[PDB]
Structures are given as C-alpha cells and as structure tokens.
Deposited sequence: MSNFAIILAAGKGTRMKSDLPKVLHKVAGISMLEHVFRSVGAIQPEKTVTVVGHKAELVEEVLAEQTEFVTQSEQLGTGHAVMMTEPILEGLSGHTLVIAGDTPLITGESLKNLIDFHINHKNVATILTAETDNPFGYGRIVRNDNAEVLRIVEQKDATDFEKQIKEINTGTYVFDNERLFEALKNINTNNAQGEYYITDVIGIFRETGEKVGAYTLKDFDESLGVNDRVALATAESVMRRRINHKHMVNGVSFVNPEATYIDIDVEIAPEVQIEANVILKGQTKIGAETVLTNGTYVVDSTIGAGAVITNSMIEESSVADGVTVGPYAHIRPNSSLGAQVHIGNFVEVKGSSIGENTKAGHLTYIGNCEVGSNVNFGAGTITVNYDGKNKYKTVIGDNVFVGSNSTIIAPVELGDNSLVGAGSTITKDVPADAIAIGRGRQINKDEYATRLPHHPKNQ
C-alpha cells in the first residue's frame, strides 16, 4: 500500500564539501538517516534511495544510481525497475529535509488516501515565498498547479503557500506520466513537478497537505541551513528530555545527540555535550564543559567539566573538574577521579580515589585504593604496552612511578616519590627514592636567594 523514494543525488556545490550533502550530520546522524526515520513512520513495503557521485560512500533501503544530473524526474525514473506496475501510494522526499517528522508524513499519506488523490503535495505557508513554487488553488480551494517563481504572474507571486518538494503519488500513474514527459520532452532534464503539469492536462485529482510549521520543511543546501537544522533538532531533542524530567540551565546551548538516553531528575548545566550511544542514570549532575561519547553513566553521579569516552561509570561516581576518562575504562561504585587525572584502558574498583595529577593506563585496580597526587602508571616501552595489577586497600604514594608489568599486593603502600620496578607483596611497603640531605646556608649561594637580588 505504501512506497518511499528518497532523492539523495541532488547537487551539493554550496556545501563546499568532499562529503556528499545528505551524509552531513545533524545531532549525531546524517540528514539521510533523519529522513529514513521519518519515512519509517509510513511503514513502506519498499524504500528506494537514489544516489549520484560517491554512491559507494553513501551505500557504505534499496539503492539505485543517477550517473547523470538530468533533474528530479530522471532521479525518480531510476526507481522504475523496482516500482513500475505496483499499486499503492508512493512518497517522494529529499534526503536534505531532515526536520520533516514521521507525524507529518503519516498525515500526508492519510490526507492523500482520504481524498483519493492521484498526487498530494506537502506544502507550507511563509510570508517570504520568493524563489519557491507557488500552490495555485480555485474558488473551491482545490490544487490546480505548481507555478515556479520565474513563471509566476505578479498575482501568483502574492501566493504564500509553497511546494516543499515532498509528494505522495498513485504509483501506477507516476511512472506512466514520467515515461510520457521523458519521450515527448524535446529536452534532456525533467522534474517531478512536470508530473503535476500532466495531471492538470488530464484533470486527474491533485491535493496539498500544509505543514503547520514552515521551518520543518527546510531543505539544506549550505552550512548556514545545516546549522539551522542543528538548532531545530537540538531544540526538539532537549524539549523531549525536559518534558521527561531533565533540568537544563540552557537548552538552547546544550548539545545532546538524537539517541542519547537521559533518566528523569538529571540536571544539565549549559554547554554539556552528550554524543552517540550515551546513557545517563537518575539524579546525575553534568556540569558546564562535560563531554560524554558512547558511555554509560550511573545514578547519583556528578561529572564536573570532564571528558568521558567509550567507558562505563557506576552509581555515585565523582569525576572532575578537568578529568579525562579514555576508551575501555570502567569506574566502579563511588569512585572519585579528581582534577588533571587521565584513566585509559583500566578497571577501577569501588570507592577507589585518584584525586590529582595522575595517569592510570592498562591497570586492573581493586577497591578502596588511594592514588597519591602525581602517580604515574608507566605502561609503554616505545613498542609494547604492559599491564599493572593493583590489589584492594593499596596506598600508592604521591609522585610514584609504577613501571609495568608489576603487581601491588593487597594493603601495600608505595612510598611517595618512589620508582617501582618490581612486584610489592601484600601488606609490604616499597620505597625507591633518595634520602633527604640538608646543607646549611647553601641557599645563600643560589640565584633565587634575596641576598643575590
């Protein structure tokens, strides 16, 4: 009953990009993927995407290639093999209108079914319709035709209802009308709007469903329009989170990707970034500058101005300010990671604290461990990485240098300032540092001394 054609071969010159236009991201997914999601709401039996140059990349729906730019008519014709003969209602939508909703496309197909139209145009009203196709209606307010700006009479220029370039067609007629135009065109290019002209010649019924919101119809041709799309999608996402019980200091300046999940009672300061497959648990606090990519954060956590990537963070964890949790990290329940701390490829057990100026790389760390300020786990020799194992209740002295592969046994202490080259037994202390020597009056000889300035 329902088919979908997505036009993804249109010109992208004004993007000034080596990336095909429809692959440019809005809130973490391509414009094309936003259109795939809205198209999904009509439950189409077949979906055909028409691509052009760099087809391989877009493919890397059913796909067909448009090798030559001969207009939207030729584009739609590239789906003839797959859709010719079939009965039911065929949506034609651009890959560069990512703000059109599933609700809008459901209401388009229903309106078309409703009025037994051969074609239905998705229209919208704007007070500045310059450049757009105008929807011409009669006394009875039925759709007669689409008039382009260049063809518009001064009276027609007054028309505020415009063509969004989104349509539903009776599938059978659509492929019949295109062949007609193609063969009798006396010209190379042809346009999906040419089919509306043919239906006018035959008196076949064409209708228009108007979007309440003109801004939903945005067709992205450049990075100005890309940023407008980002602004609308950001507002849409953040609105949903607020209705679901998430507080935002500033939802106009908080950057949350389309698939991020956020539990009720979360508080988000301005200028928080959440990306990819990120999940935030109940009552967690995210402060200004926090940046989370493809990570799970538990309940009752506080992430202060920190960057967390491809990692798991348990309930009650405190991170920051200015901490970096790098890929394949796990922070256990109630872990504290303080300022200027980097964790990479490491598991950290519950209640463990690394408060300051510390690097934990390729470590397996137990519960109730304390990392002194300035602790470095040394994991790399210039060719290979080595694992360090740290047991429960270990006290790693400030400014210590732990050279993997070593094991620090349960309850051990590393003396502050120590270089550790060998395993430390459970309940031992290890000390690897110079003994302090004091030299009376020697500072009087040195350039910092007041007596020497």
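Taken in order along the deposited sequence, the stretches absent from the coordinates are 1, 62-66.
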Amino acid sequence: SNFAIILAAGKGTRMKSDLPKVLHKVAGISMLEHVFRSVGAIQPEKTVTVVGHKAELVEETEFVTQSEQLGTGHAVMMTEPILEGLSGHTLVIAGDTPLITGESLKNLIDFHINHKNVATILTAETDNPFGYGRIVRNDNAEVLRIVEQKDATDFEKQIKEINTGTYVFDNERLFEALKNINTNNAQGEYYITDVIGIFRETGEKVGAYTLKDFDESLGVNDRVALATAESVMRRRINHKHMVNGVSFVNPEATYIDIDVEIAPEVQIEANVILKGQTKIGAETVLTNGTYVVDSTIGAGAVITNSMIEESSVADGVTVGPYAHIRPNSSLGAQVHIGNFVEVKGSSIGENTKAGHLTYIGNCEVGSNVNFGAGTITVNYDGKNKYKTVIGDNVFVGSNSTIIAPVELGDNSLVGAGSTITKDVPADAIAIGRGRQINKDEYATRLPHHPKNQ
From here on, numbers count along this sequence of modelled residues.
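Mean C-alpha B-factor is higher over 157-165 than over the other stretch, the pair under comparison being 157-165 and 273-281. In this entry, 168-176 shows the higher mean Cα temperature factor of the pair 168-176 and 309-317. The maximum CA B-factor among the listed residues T388, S412, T61, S30, taken from the PDB record, is found at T61. The PDB entry assigns its highest CA temperature factor, among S418, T421, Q69, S38, to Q69. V50: CA B factor in the middle third of modelled residues in this chain (values from the PDB entry). Ranked against the other modelled residues of its chain, the C-alpha B-factor of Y380 as given in the entry falls in the middle third. In the deposited entry, the Cα temperature factor of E364 places it in the middle third of its chain's modelled residues. Looking at the C-alpha B-factors along this chain, the one for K11 belongs to the highest third.
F214 sits in the middle third of its chain by CA B factor, as recorded in the PDB entry.
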